[PDB]
Number of protein chains: 2
Amino acid sequence: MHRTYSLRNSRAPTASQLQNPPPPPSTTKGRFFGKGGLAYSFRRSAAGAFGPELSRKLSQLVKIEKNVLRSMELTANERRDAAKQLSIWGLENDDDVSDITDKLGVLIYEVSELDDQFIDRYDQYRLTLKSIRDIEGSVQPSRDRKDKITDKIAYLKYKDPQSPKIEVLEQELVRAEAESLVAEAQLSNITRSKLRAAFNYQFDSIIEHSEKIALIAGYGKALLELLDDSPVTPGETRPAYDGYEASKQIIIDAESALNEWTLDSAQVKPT
Amino acid sequence: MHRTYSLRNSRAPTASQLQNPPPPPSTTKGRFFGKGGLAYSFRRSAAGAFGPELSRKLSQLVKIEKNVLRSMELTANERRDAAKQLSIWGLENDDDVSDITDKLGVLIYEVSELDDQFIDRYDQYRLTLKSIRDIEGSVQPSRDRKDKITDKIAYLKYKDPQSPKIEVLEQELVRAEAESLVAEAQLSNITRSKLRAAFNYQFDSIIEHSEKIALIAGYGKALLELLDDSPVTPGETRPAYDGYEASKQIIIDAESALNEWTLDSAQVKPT
């Protein structure tokens with residue numbers, strides 16, 4: 001949607017893009033459907049199946065959100081595995097390198113834990129959407145019966161103008177219309193309420209998790225200053241790294257700001 | 001319809017019935033359908049067949065009238081045969097008896113000739129009814145097409161409210177309605193005209209033929225006075241019959257009144 005007014009689907013570069021040019025496209029693009037294969041697309045296909053034809057789209061969205069959740073669960077546990085592997089690799093290295101890589105590993109572990117909490121809040125969002133899907137599916141048969149009744153009464157009117165069955169189904173249809181009006185009014189109310197609440201909670205969760213992980217990334221950037229990037233000539237060895245206390249103080253302050261973080265202290269501000 | 005207010009289909013006796021009691025029912029009632037058999041009922045059955053379903057009753061009436069005409073033709077020629085046979089029988093009898101029976105035979109021949117003329121006028125009536133039947137049969141397909149078109153447009157309205165075919169058939173049906181209104185107006189006019197003219201002519205024909213045959217019967221009753229009903233004793237013979245001139249004068253006067261008869265000289269008068 002950010003594409004410029006040209007013939008190319010090229011997004012307009014932001015100030016960050018001008019500051020640092022965008023990198024080349026990733027080489028990880030594999031020759032695959034990109035939906036987890038037929039095994040993971042079985043759920044997607046089953047979403048588009050014999051349903052109430054009304055919550056079909058909503059049920060499909062819910063099951064797609066379940067796929068989202070499964071993928072995020074896959075990238076959280078295996079990311080914390082990556083952090084563990086990074087610490088294991090940094091075990092046998094320079095003392096400053098080992099300390100700094102262990103601190104980066106623990107920061108990534110914090111990242112994975114926040115991802116898991118975001119996953120739980122995502123499941124709350126998905127459960128609210130499941131509730132709205134189920135109430136919509138329960139309210140659909142009312143309108144289905146309404147459509148069937150109006151079609152049958154139209155056919156009966158075609159057959160003759162004085163069948164008692166005609167008047168009886170008209171009398172039942174005036175009841176069905178009122179019940180369907182009430183059902184659709186409450187359906188609109190519940191859909192609006194669930195939609196607003198679920199998406200407000202979802203956006204609050206994502207902004208909280210994202211600003212928290214950004215607060216973590218800033219602390220990690222500050223921590224990365226401890227190691228010295230000055231190259232050392234072959235032969236003599238550089239002085240030993242004694243910044244253990246500084247790194248521990250940095251991680252302590254990061255923990256303190258992490259625990260102190262609250263919705264009131266949301267330094268992110270729109271304009 | 002002349003039956004009294006009782007539980008029996010016994011007609012109220014008129015003054016003639018009081019004057020002379022009614023005779024016993026005829027013994028000529030045969031064990032038969034009374035419609036000329038299946039050969040003569042084939043036409044009646046074919047009248048009730050694949051027709052325009054409107055002139056079906058009128059065509060059936062016309063063919064029944066044809067059966068009427070055939071039966072009347074059968075009883076006219078064979079009645080004149082009966083008159084010839086009566087003259088042949090009276091050939092060998094008393095002179096007065098022979099003369100009087102020959103005069104009765106010629107009166108019956110006049111009766112048969114008047115019957116034949118009545119048959120021709122009956123055929124005029126039947127031809128007028130054939131004309132009205134044929135115009136009604138020609139006007140029926142208009143209303144048949146109207147009914148078919150309205151049924152089809154009702155079904156098309158059931159299917160959807162915006163088919164172009166719907167509006168096109170509505171535009172053709174508003175034309176068909178006007179043409180059917182004109183057709184039914186002219187149909188009513190022609191039916192009334194043909195009905196009134198044909199039945200007025202039929203009733204004039206029947207009253208003319210009937211009053212003429214009654215005028216004949218009165219002359220025959222006057223003529224029957226010539227013969228003597230006084231019994232003669234065995235032995236001597238009664239004086240010879242010389243009333244030939246009187247009988248010839250009676251028949252001459254009957255011929256004169258027959259030729260002089262006109263619609264103006266219709267001595268029959270209703271009240």
# chains A, B, ... in the order shown; residues from 1 in each chain; ligands from 1
$ interface_residues --of "chain A" --to "chain B" --cutoff "12 Å" --atoms "only C-alpha atoms" --output "PyMOL selection string"
chain A and resi 150-160
$ residues_around --residues "residue 55 (chain A)" --least-positions-apart "6" --cutoff "8 Å" --atoms "only C-alpha atoms" --output "list in words"
residues 133, 134, 136 and 137 of chain A
$ residues_around --residues "residue 213 (chain B)" --least-positions-apart "4" --cutoff "12 Å" --atoms "only C-alpha atoms" --output "compact mmCIF listing (two decimals) with N, CA, C and O atoms, in the first residue's frame"
# COMPACT_ATOMS: atom_id res chain seq x y z
N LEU B 107 -103.15 -34.91 -47.62
CA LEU B 107 -102.90 -34.00 -46.51
C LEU B 107 -101.62 -34.37 -45.77
O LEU B 107 -100.83 -33.49 -45.39
N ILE B 108 -101.38 -35.67 -45.57
CA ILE B 108 -100.14 -36.10 -44.93
C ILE B 108 -98.95 -35.79 -45.83
O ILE B 108 -97.85 -35.48 -45.33
N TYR B 109 -99.12 -35.87 -47.15
CA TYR B 109 -98.05 -35.47 -48.05
C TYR B 109 -97.73 -33.98 -47.90
O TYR B 109 -96.56 -33.59 -47.90
N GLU B 110 -98.77 -33.15 -47.78
CA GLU B 110 -98.55 -31.74 -47.48
C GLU B 110 -97.80 -31.58 -46.17
O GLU B 110 -96.91 -30.73 -46.05
N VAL B 111 -98.16 -32.39 -45.17
CA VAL B 111 -97.49 -32.35 -43.88
C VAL B 111 -96.00 -32.65 -44.05
O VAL B 111 -95.15 -31.97 -43.48
N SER B 112 -95.68 -33.67 -44.84
CA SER B 112 -94.28 -34.03 -45.06
C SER B 112 -93.53 -32.93 -45.81
O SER B 112 -92.36 -32.67 -45.51
N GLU B 113 -94.18 -32.30 -46.78
CA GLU B 113 -93.53 -31.20 -47.50
C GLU B 113 -93.24 -30.03 -46.56
O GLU B 113 -92.16 -29.43 -46.61
N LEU B 114 -94.21 -29.68 -45.71
CA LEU B 114 -93.97 -28.64 -44.72
C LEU B 114 -92.87 -29.04 -43.75
O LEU B 114 -92.09 -28.19 -43.31
N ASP B 115 -92.80 -30.32 -43.41
CA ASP B 115 -91.71 -30.80 -42.57
C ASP B 115 -90.37 -30.60 -43.26
O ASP B 115 -89.39 -30.21 -42.62
N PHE B 118 -89.48 -27.00 -43.04
CA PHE B 118 -89.03 -26.76 -41.67
C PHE B 118 -87.62 -27.28 -41.47
O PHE B 118 -86.84 -26.69 -40.72
N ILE B 206 -90.96 -22.14 -36.83
CA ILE B 206 -91.72 -23.20 -36.18
C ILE B 206 -93.17 -22.77 -35.99
O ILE B 206 -94.08 -23.59 -36.16
N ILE B 207 -93.43 -21.50 -35.67
CA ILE B 207 -94.81 -21.07 -35.51
C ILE B 207 -95.52 -21.09 -36.86
O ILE B 207 -96.69 -21.48 -36.95
N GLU B 208 -94.83 -20.69 -37.93
CA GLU B 208 -95.44 -20.74 -39.26
C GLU B 208 -95.78 -22.17 -39.64
O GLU B 208 -96.92 -22.46 -40.01
N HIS B 209 -94.81 -23.08 -39.54
CA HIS B 209 -95.05 -24.47 -39.90
C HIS B 209 -96.14 -25.09 -39.03
O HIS B 209 -97.00 -25.81 -39.53
N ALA B 217 -104.88 -29.53 -40.33
CA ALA B 217 -105.59 -30.50 -39.51
C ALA B 217 -107.05 -30.11 -39.34
O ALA B 217 -107.94 -30.97 -39.32
N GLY B 218 -107.33 -28.81 -39.19
CA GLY B 218 -108.71 -28.36 -39.11
C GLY B 218 -109.48 -28.65 -40.38
O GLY B 218 -110.63 -29.10 -40.34
N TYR B 219 -108.86 -28.41 -41.53
CA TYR B 219 -109.50 -28.73 -42.80
C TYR B 219 -109.73 -30.22 -42.93
O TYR B 219 -110.77 -30.66 -43.45
N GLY B 220 -108.78 -31.03 -42.48
CA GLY B 220 -108.97 -32.47 -42.50
C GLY B 220 -110.10 -32.92 -41.60
O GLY B 220 -110.87 -33.82 -41.95
N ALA B 254 -108.76 -25.48 -49.11
CA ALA B 254 -107.56 -25.67 -48.32
C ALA B 254 -106.33 -25.18 -49.06
O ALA B 254 -105.46 -24.52 -48.48
N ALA B 257 -106.42 -21.28 -49.02
CA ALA B 257 -105.98 -20.74 -47.74
C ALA B 257 -104.50 -21.00 -47.51
O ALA B 257 -103.83 -20.20 -46.85
N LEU B 258 -103.98 -22.11 -48.03
CA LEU B 258 -102.56 -22.41 -47.91
C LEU B 258 -101.73 -21.38 -48.66
O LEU B 258 -100.76 -20.84 -48.12
N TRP B 261 -101.91 -17.88 -47.06
CA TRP B 261 -101.34 -17.72 -45.73
C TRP B 261 -100.10 -16.83 -45.77
O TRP B 261 -99.24 -16.99 -46.64
$ residues_around --residues "residue 175 (chain A)" --least-positions-apart "5" --cutoff "12 Å" --atoms "only C-alpha atoms" --output "list in words"
residues 142, 145, 146, 149, 168, 169, 170, 180, 181 and 182 of chain A
$ write_last_selection --atoms "N, CA, C and O atoms" --output "tab-separated table (two decimals), in the first residue's frame"
chain	number	residue	atom	x	y	z
A	142	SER	N	-31.28	-18.75	11.61
A	142	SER	CA	-32.49	-17.94	11.62
A	142	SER	C	-32.76	-17.35	10.24
A	142	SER	O	-33.85	-17.50	9.68
A	145	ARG	N	-33.59	-20.10	7.64
A	145	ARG	CA	-35.00	-20.49	7.71
A	145	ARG	C	-35.90	-19.40	7.15
A	145	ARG	O	-36.91	-19.69	6.50
A	146	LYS	N	-35.55	-18.13	7.40
A	146	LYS	CA	-36.32	-17.03	6.83
A	146	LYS	C	-36.34	-17.09	5.31
A	146	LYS	O	-37.39	-16.95	4.67
A	149	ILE	N	-38.44	-20.05	4.12
A	149	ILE	CA	-39.87	-19.81	4.31
A	149	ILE	C	-40.39	-18.83	3.27
A	149	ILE	O	-41.48	-19.02	2.72
A	168	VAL	N	-50.93	-19.55	7.10
A	168	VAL	CA	-50.24	-20.05	8.28
A	168	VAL	C	-48.75	-19.74	8.21
A	168	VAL	O	-48.15	-19.29	9.19
A	169	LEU	N	-48.13	-19.97	7.05
A	169	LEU	CA	-46.72	-19.65	6.91
A	169	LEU	C	-46.47	-18.15	6.89
A	169	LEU	O	-45.40	-17.71	7.32
A	170	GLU	N	-47.42	-17.35	6.42
A	170	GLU	CA	-47.27	-15.91	6.55
A	170	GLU	C	-47.30	-15.49	8.02
A	170	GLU	O	-46.52	-14.62	8.45
A	180	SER	N	-35.81	-12.50	13.76
A	180	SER	CA	-34.59	-12.26	13.00
A	180	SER	C	-34.11	-10.83	13.15
A	180	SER	O	-32.91	-10.58	13.16
A	181	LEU	N	-35.04	-9.87	13.26
A	181	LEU	CA	-34.65	-8.49	13.53
A	181	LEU	C	-33.97	-8.38	14.88
A	181	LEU	O	-32.92	-7.74	15.01
A	182	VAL	N	-34.54	-9.01	15.91
A	182	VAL	CA	-33.92	-9.00	17.23
A	182	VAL	C	-32.57	-9.70	17.18
A	182	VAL	O	-31.58	-9.23	17.75
$ residues_around --residues "residue 190 (chain A)" --least-positions-apart "5" --cutoff "9 Å" --atoms "only C-alpha atoms" --output "list in words"
residues 132, 135, 185 and 195 of chain A
$ residues_around --residues "residue 224 (chain B)" --least-positions-apart "6" --cutoff "10 Å" --atoms "only C-alpha atoms" --output "list in words"
residues 100, 101, 103, 104, 218 and 247 of chain B
